[PDB]
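What the coordinates show
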Amino acid sequence: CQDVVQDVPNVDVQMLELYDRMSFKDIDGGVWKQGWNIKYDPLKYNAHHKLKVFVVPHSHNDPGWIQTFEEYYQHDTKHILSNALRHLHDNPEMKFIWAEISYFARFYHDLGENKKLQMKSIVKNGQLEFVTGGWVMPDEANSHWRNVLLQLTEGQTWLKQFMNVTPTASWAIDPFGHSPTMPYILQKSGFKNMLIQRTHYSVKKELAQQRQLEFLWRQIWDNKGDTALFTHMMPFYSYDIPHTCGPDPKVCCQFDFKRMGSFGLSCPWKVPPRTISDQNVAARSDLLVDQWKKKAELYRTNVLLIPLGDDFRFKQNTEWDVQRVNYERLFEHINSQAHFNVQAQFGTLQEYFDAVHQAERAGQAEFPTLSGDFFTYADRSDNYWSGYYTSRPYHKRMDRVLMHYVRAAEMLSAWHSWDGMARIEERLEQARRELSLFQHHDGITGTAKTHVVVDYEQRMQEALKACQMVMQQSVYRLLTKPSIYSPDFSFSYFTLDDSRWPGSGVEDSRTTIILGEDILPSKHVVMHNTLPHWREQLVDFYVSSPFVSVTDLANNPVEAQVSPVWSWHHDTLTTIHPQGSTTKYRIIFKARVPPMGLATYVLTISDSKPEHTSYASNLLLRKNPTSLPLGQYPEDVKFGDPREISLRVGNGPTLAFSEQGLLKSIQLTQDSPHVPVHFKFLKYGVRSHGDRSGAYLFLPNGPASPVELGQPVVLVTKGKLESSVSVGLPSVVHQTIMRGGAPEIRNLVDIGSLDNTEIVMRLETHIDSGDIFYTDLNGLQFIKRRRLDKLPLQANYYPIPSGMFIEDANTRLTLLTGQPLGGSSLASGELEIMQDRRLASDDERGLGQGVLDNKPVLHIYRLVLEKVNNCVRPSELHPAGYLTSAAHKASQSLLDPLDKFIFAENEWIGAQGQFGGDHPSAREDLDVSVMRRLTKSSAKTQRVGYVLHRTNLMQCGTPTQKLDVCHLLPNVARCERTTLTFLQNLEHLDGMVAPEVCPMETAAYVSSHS
Ligand SMILES: [Zn+2]
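Residues numbered from 1 in each chain as written, not as in the entry; some residues may be left out. Heavy atoms only, no water.

Structure determination for this entry, per the PDB record, employed X-ray crystallography and reached 1.6900 Å resolution.

Under the annotation held in the PDB entry, the protein chain carries the name Alpha-mannosidase 2 and is attributed to Drosophila melanogaster. In its PDB record the entry is named "GOLGI ALPHA-MANNOSIDASE II". According to the UniProt record, the Pathway comment for the protein chain is "Protein modification; protein glycosylation." The Subcellular location field of the UniProt record for the protein chain holds the comment "Golgi apparatus membrane". (UniProt positions renumbered as here; feature names shortened; annotations may be inferred.)

1. Things to note about the coordination of the zinc ion
The zinc ion binds to the protein through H60 (NE2), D62 (OD), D174 (OD) and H441 (NE2), with metal-donor distances spanning 2.1 to 2.2 Å. With four donor atoms in place around the zinc ion and angles of 88 to 164 degrees between them, the coordination shape is irregular. Binding-site remark: the zinc ion is held by donors from one chain whose sequence spacing is H-x1-D-x111-D-x266-H. In this pair, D62 sits in the loop between β2 (51–57) and α2 (69–90) while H441 sits in the loop between α13 (424–438) and α14 (450–479), placing the two residues 379 residues apart along the sequence. An identical accessibility class is assigned to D62 and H441; each is buried. (Donors = N, O, S within 2.8 Å, 3.2 Å for Na, K, Ca; no water. Tetrahedral: all angles 85-135°; square planar, octahedral: opposite > 155°, others 65-115°. Helix = DSSP H or I, 4+ residues; strand = E, 2+ residues; numbered from the N terminus. Buried < 20%, exposed > 50% of the residue type's maximum accessible area, 1.4 Å probe, protein only.)

2. Some points on the pattern of salt bridges
Side chains that differ in sign of charge can pair as their charged atoms come close. All chains considered together, the criterion is met by 61 salt bridges. Among the salt bridges present, the one from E996 reaches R950, with a minimum N-O distance of 3.6 Å. Under the relative-accessibility criterion, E996 is labelled partly exposed at 36%. Overlapping salt bridges, with partners in common, bring together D497, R500, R510, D540, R586, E722, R739, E744, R746 and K900 in one network. (Salt bridge = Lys/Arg side-chain N within 4 Å of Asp/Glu carboxyl O.)

3. What about the UniProt feature "active site" in the protein chain?
Taken from the UniProt record, the annotation "active site" applies to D174. Mapping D174 onto the fold places it in the loop between β5 (169–172) and α6 (181–187). In this structure, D174 is in contact with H60, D62, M137, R198, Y239 and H441, ignoring residues within four places of it in sequence. One polar contact links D174 to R198, side chain to side chain, over a distance of 2.9 Å. (Contact = heavy atoms within 4.5 Å. Polar contact = N/O pair within 3.5 Å; in protein donor to acceptor, adjacent residues only side chain to side chain.)

4. Brief notes about the pairing of strand β47 (residues 972–978)
A regular strand places its side chains so that they alternate between the two faces of the sheet. As paired elements, β47 and strand β49 (residues 1002–1009) share six bridges and run antiparallel to each other. If you follow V972 over to β49, its bridge partner there is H1009. (Pairing = 2+ DSSP bridges.)

5. Some thoughts on the nonpolar core
If you look at the biggest cluster of nonpolar residues, it comprises 242 residues, and the most contacted ones within it are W98, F104, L128, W292 and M931. The element contributing the most residues to this core is α14, with 13 residues. For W98, the contacting residues outside a window of four places in its chain are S59, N61, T77, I80, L81, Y103, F104, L128, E129, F130 and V131. Core analysis: the next-biggest nonpolar cluster, separate from the first, contains 36 residues, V525, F547, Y615 and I902 among them. (Core = buried A, V, L, I, M, F, W, Y, C linked by side-chain atoms within 4.5 Å.)

6. Thoughts on the state of the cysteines
Here the structure, examined in full by the defined rule, presents five disulfides. There is a disulfide in this structure between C871 and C956, and the S-S distance comes to 2.1 Å. Where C871 bonds to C956 through sulfur, the torsion about that S-S bond is close to 110 degrees, and the disulfide is right-handed. Here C871, found in the loop between β41 (857–867) and β42 (880–881), pairs with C956, found in the loop between β46 (942–950) and β47; they are 85 residues apart in sequence, far enough to count as distant. Exposure remark for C956: the relative accessible area of 28% places this residue in the partly exposed category. The disulfide that involves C966 links it to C975, with 1.9 Å between the sulfurs. The S-S bond linking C966 to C975 shows a torsion near 80 degrees; that makes this disulfide right-handed. If the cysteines joined by disulfides in the protein chain are listed in sequence order, their pairing comes out as 1-10, 2-3, 4-5, 6-7, 8-9. (Disulfide = S-S within 2.5 Å.)

7. Examining helix α5 (residues 145–163)
When the terminal C-alpha atoms of α5 are compared, their 26 Å separation across 19 residues agrees well with the 27 Å that a helix rising 1.5 Å per residue should span. Counting buried residues in α5 gives 15 out of 19 residues, a clear majority hidden from the surface. Looking one or two residues past α5, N164 carries a phi angle of roughly 55 degrees, positive in sign. (Expected span 1.5 Å × (residues − 1).)

8. Notes on the sheet that holds β5
Within the open sheet, the six strands sit side by side as β1-β11-β7-β8-β6-β5. Their pairing is mixed. Every interior strand has two partners, whereas the edge strands, β1 (13–14) and β5, have only one. Relative to strand β11 (residues 369–371), β1 is paired through two bridges, and the arrangement is parallel. Note that in β11 the partner of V13 across the bridge is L370. Its contacts with the sheet place helix α11 (residues 349–361) against β5, β6 (193–196), β7 (214–217) and β8 (229–233), and it is angled at close to 115 degrees to β6. (Axes fitted to C-alpha atoms, helices over the stretch in contact; angles between N-to-C directions.)

9. Some points on the pairing of strand β24 (residues 645–648)
Burial along β24 is one-sided: the face carrying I645 and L647 is buried and the face carrying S646 and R648 is not. With four bridges connecting them, β24 and strand β25 (residues 654–657) associate as antiparallel partners. Its bridge partner being in β25, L647 is matched across the sheet by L655. The turn linking β24 back onto β25 is made up of five residues, and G650 within it adopts a positive phi angle of 60 degrees.

10. Examining the sheet that holds strand β30 (residues 723–729)
Strand order in this open sheet of 12 strands is β23-β22-β29-β30-β31-β32-β41-β38-β37-β34-β35-β42, and the pairing throughout is mixed. Every other strand in the sheet has two partners, leaving β23 (638–640) and β42 as the edge strands with one partner each. Sheet topology places strand β32 (residues 744–749) next to β41; six bridges connect them, and they run antiparallel. The residue of β41 that forms the bridge with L748 is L858. Most of the contacts of helix α15 (residues 885–895) go to β41, to which it runs at about 170 degrees, and overall it touches β32, β38 (811–817) and β41.

11. Examining the side chain of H243
Looking at where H243 falls in the secondary structure, it is placed in the loop between β8 and α8 (249–252). Within polar-contact distance, the side chain of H243 engages the side chain of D240 at 2.8 Å.

12. Concerning the domain arrangement of the protein chain
The domain boundaries assigned to the protein chain delineate domain 1 (1–381), domain 2 (382–492), domain 3 (493–616 + 897–918), domain 4 (617–896) and domain 5 (919–1010). Taking only C-alpha atoms into account, the centre of domain 1 sits 36 Å from that of domain 5. Buried surface at the junction of domain 1 and domain 5, both sides included, amounts to about 1500 Å², of which 69% is carbon and sulfur. Looking at the side of domain 1 facing domain 5, the largest losses of area belong to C1, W145 and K188, adding up to 30% of the total buried there. Applying the counting criterion to the domain 1 and domain 5 interface returns zero salt bridges. Run the count over domain 1 and domain 5 and you get four residue pairs in polar contact. Every element with two or more residues in the side of domain 1 that touches domain 5 is listed here: α5 and α6. (Domains from an automatic or database assignment. Buried area = accessible area lost by both parts, 1.4 Å probe.)

13. Structural notes on the side chain of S921
Here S921 lies in the loop between β44 (914–915) and β45 (926–933). Residue class for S921 comes out buried when judged on its relative accessible area of 12%. Within polar-contact distance, the side chain of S921 engages the backbone nitrogen of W534 at 3.1 Å. Residues in contact with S921, not counting those within four places in the same chain, are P532, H533, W534, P595, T960 and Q961.

14. Some words on the packing of aromatic side chains
All told, the structure shown has 54 aromatic pairs when counted by the stated rule. An angle of 50 degrees between the planes, with centres 4.8 Å apart, marks the rings of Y394 and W501 as tilted. In this pair, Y394 is assigned in helix α12 (residues 393–414) and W501 in the loop between β12 (494–496) and β13 (512–513), connecting sequence segments 107 residues apart. The pair formed by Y394 and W501 is uniform in burial state, with each residue classed as buried. With a centroid separation of 5.2 Å and 10 degrees between ring planes, the pair formed by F903 and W908 is classed as stacked. (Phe/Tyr/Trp six-rings, centres within 6.5 Å; stacked < 30°, edge-to-face > 60°.)

15. As for the packing of helix α3 (residues 101–110) against helix α4 (residues 113–124)
As a packed pair, α3 and α4 sit with axes 8 Å apart at the nearest point and diverge in direction by 135 degrees. Taken together, α3 and α4 sit at an angle that is classed as oblique. When α3 is examined against α4, the residues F104, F107, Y108 and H109 are found in contact with a partner set consisting of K116, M119 and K120. When the residues that make up the contact of α3 with α4 are grouped by side-chain class, the tally is four nonpolar, one polar and two charged. (Parallel < 35°, antiparallel > 145°, perpendicular 65-115°, else oblique. Nonpolar A, V, L, I, M, F, W, Y, C, P; charged D, E, K, R; others polar.)

16. Some remarks on the packing of α2 against α3
Taken N-terminus to C-terminus, the directions of α2 and α3 make an angle of 70 degrees; their axes are 10 Å apart at the nearest point. Judged by the angle between their axes, α2 and α3 are roughly perpendicular. Contact residues: α2 offers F69, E70, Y72, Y73, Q74, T77, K78, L81 and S82, while α3 offers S102, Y103, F104, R106, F107 and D110. Among the residues making up the contact of α2 with α3, the classes are represented as seven nonpolar, four polar and four charged.

Here is the structure:
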């Protein structure tokens, strides 16, 4: 294994170092507004060295944006694909590339048997070519790497079964900035080439000047270079026809033949296209070849890519004819005139890449190496696209919940083959496809119309219910004696309890377990642990009585705590204040669950305070208190005036809070200093003159201003197992929760009718971080950031898909997230992260609406303060950072918590105590990211697929069983290493053993069973 800490990779272009050197000037470059007037040597090309030009027709089809998936399918995409089939069949020289498999699969299943055969023949002969072949073209900023792989797998599994093809070239023309997570996943999935478009106008200019727009893109930690993927970055402002022929859009627009005649379109530069004739073809070819030779000066070979398309193009038979016939008349003239020294023709993306690599092997070019990312994107002036890191944060949070439920449903159901009557495969295909659709660059981004967001939310809600049904049937099968198990596949044996989605203050839908010494004195509950190591964690349930004791199924007592149930309400006379339930209570205890396993507990009612259950105290801090009854709860609420508070659970850290209920300090141990750490809430506004913020753009009117808090009401709950401080602020109920290690932070965010406001949560410390901070990419890797005062505030905002940290020589503070949000370090010792944004104006990128559809959301975090002076850190020149053990486990507690199940009926005949006690407990840096049965019950050879991910953790001194996934299931007959999509066998494994993967590596295995 490579060492990913000590050796700094040597690359030609390192994006952090390039950013530090660049001046970012926004000069008028002439017809190429953000570049310069390109010149070429006309003697560069002759009889023996010609320019080869590939014109690649395409159509950008969004699976939801202005219309829903189904509205676009019926009104636009089914006509595009029907006309593609007819025109390519009739015109063998015509070519077309296709990206979005969600639409292609919907179309193909609706075709008659004769049309399916014709479609297969234009794919087999290479006229219709699939590019990427994902379900969608995903967002690269907010998306988790697990979901990027899920949607790639859904589309490529469909293409292999139905079209017998697997793309090796990727096409990503519309995501709002680009991540190195994509080449990481694509290179481990059989790809050879990829293309990107939306990068900062300043970066396009700097790379074009050095002919560094084609590069070998490696990971920031990769010293050897085996992660490298060949990447083509397009040079100009857009992927439309005016910005793809060459540097002058007033010329290129005249070669978009839909912008004349009866289509109702036109050229903004005021010179229309003209039909190509014998009379004009020499003059028209003179201007067009000059644009081609200028574009070719920006690249290193004699092979040139010219895309030809736009949004939902090639809808009409007449559009295919007017584009094909005028281009054919230009190609026939140009190819027949030796003075041009050009060969031009319709082609595909793979055709382009094959010809470039042939030119390279001929010794025509040697390509540069590059590491880094392409965030944050700007298309013009100070218009940085950091707004969509936060827009529609309710759905961003829902993405992470559905990610975990799909993993848990696939894993729990994989242990067995199921009868077709159970409909397990139907429910899991629905769930995978709804989560896959939401990865689209107008889904998770929050950049769709209000009615389109409602469609995404309804689809994700159906997917959640499908996962719940699979999970509960699987738990019953796994923990019921085989002598008793006799299933009704329609029946609810268990209901799921989730404390964190949507959250009891968002939707008060948790089930209360109702116990009574007569009617029903006990209830069985079951915890699942998807992680491949033993886990102990606190769990809670709602119960109808405070007098409840916990046992394991063997009747061993478990120490428990009871707390009241609290809700928060606006008083119309005055204040935001808490109200206690008189009818339900929380029971809280530590569950111990095997790796990838299950554990059963029992809740039992009694007359009075039972021997192994304690009761939290509650203190309400407010002047002029009124009474707060709590029904049977045995401890009276205490009252006081606002004051500073300190709390400690177990022998974990001591936290101190201000009179307003906000953190002010952390002490790690009894001996150590009180380290200042202050939470604050601030607000950004919108510019009254000049460019307005919208769903995409963040354009603040200066630095954030303090929120006036008044004298808010503070509630302190103190228990042996769990304590919290909760405060009612304007727009936010803010909670700090303590269970004996790093605290958990919960914000119930309701921005209400506060038009043109963005709410930010900031941390202030004396950590001497200077201009340096770290943010993650897609939940996979931490990248070093440098704050730049020469760029505006909105340019120093980055995606926070799962975490961020600052550090000096001695101390680090990490904030882990349960949802992707936008964030920064705008001053030494600070972290900040945006909670919600409400915007009255459109930002002129095509959405045609502001963001005024906000709803309450529960955001969740962990906060980890650590000493790092005894840690082996990367050298100052390394562009990556790495989490500690404690911060990594804190992230895992937010993204993949224990699942909780309540038995639905009065009696569970044949109940068992535990599943998976024999499972291997793997090293803490290893995860089983995916477990998925690949075969239905009728297959004679069963196949199960596993994705294994090993992260890299910092070594800090304080230093388990070998996991072989090929032997988790009995009767293993073969074990293969595969691409991450499971579609190609790469290696038949010695001894049917799936080996140990290296730090920062991901591998896929398939086990076959007799
Ligand atoms: Zn798009």
